[PDB]
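Below are two forms of the same protein chain, given as structure tokens: structure 1, then structure 2.
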Structure 1
């Protein structure tokens, strides 16, 4: 549905969500507001009353009341007030820096650090992640056109194969479902040598190679199974530089790889639906495994999975192309 349909309502609910998460530190209210905003965003009619909205799942009494105030007055008194609150708006804003969460944002504002300029002037109060988040503040908020995701994927797949042609690497996320833009790049990596009952440095060797060709530019976090950092496509000698981008690389044991690919391909709604159906057929699927459930509900041992389609076959579902996993 077009924004003009209920965009005022859904914008209000998203703003309220952000203040619950970042200022009130009420994560379940953040998700409640997000859920309400999403069910309304998909409603194909211009809402006329709170009562009409309350019929949708995730909209309750209090959001219905807020919708009534918004429809009658064009605003919400509580939102107008917190918007102009210097401390609350600064706390909310600072959490847009990757690495600054609600706790750090509150501590910064408490000691008078409220803006990007304030952070800039106080480097020694920032940890490594937060320094990177500040350095790439604008770039990290830009989306990534699919054409650049393809160029990025070209680099990742080539360098991974260069390190060891037995690696398997899959770029997941909405990109794998065919999205025309992405927010970041999520790479799932495995190697036949690595199983859940099992080489050294398997993730390190790939990260190192991507740094050696100057694709990975910074590291936010790095361990034996998960890397989170920053990358940048090369620019033509004369053209403007590409924005720096967020890339994650996860090393997963081969026997759990396709459960991971499935989960991290999504969508979120599709995953929920597939897990729901799985339980109906007596299986429990999580990010790692699919296990049979006995007649008393006791989970059995993980079942062998050698492809995404194996998982579909277990639950008697015909294979769904990533492109068709919107729900």
Structure 2
């Protein structure tokens, strides 16, 4: 956590680089189990060899470790860090919709800068166009103060359309968060569950309304169950307009709402921990259900959930408020 820190750190620098600038999934995969491993190690690693003893760590990485130990640096990281090509690939990648592969390609063509990307808006798909469009607005955190107004709105229109819709703004906002990166609304309806062969309109009506009133101003992708876009708060009485924000809305078979909600509410760790616990408790938990366990090794048979509680109750735990699902 702090003992092997630089180690795992330089290791991640490395991995990350293989995978993005290079297309070496393998080495990239190497650097990672290793970092995964040197991370678990309970002692200060003093040299390659000591590390080396570890599974995943070979001679190549061990060699990195010595130089890194002997000098608080590494040439390859120093070389990479300098590499404009590589820098470039790193940066483009930030644009929403630009992945490594495309990052690679643009570079090839010679588009390294934001402005490059601009003179070439033609070569970008819609997603990336939008990503290019709100580049600044997307990199900003979402002050809670705003999350509240946004949530306020989404809720209202939702209710305005069907009275029967249930919405929940999940995420860190759900958990207290002073700010968030985007907004995740999970939604469901009574007339939509595991069986009852869809009703795409469910998602659609809603998107439509939010759009109607000008909440959503752009579409990243809209399927029949996962809508992904951009919203904005009505930029009041001038002088101050609101930054463009990412928003995701996803339909959920009401019969799996709570699990889902439970899940996306997080945090990553409270989750795992809870998950690890349901296990002992003779259970199973994933983003949609909770199945009681069985001795033959495994079992199925989805228990009925009516609220975050049922789940809690199942694994016989203390209801933990969102605020405290921190870990």
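Take the two forms, superpose them, and find the largest set of C-alpha atoms that agree within 1.5 Å; that set is the rigid core. Residue numbers count along the first chain shown, from 1.
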When one rigid part of the chain turns against another between structure 1 and structure 2, the option of 84, 165, 147, 124 found at the hinge is 84
Please state how many degrees the smaller rigid part turns against the larger between structure 1 and structure 2.
28
Relative to the superposed core, what is the Cα shift for residue 293 between structure 1 and structure 2, in Å?
1.3
After superposing on the rigid core, how many Å does the CA of residue 233 move between structure 1 and structure 2?
0.1
Core-aligned CA shift between structure 1 and structure 2 for residue 74 (Å)
6.4
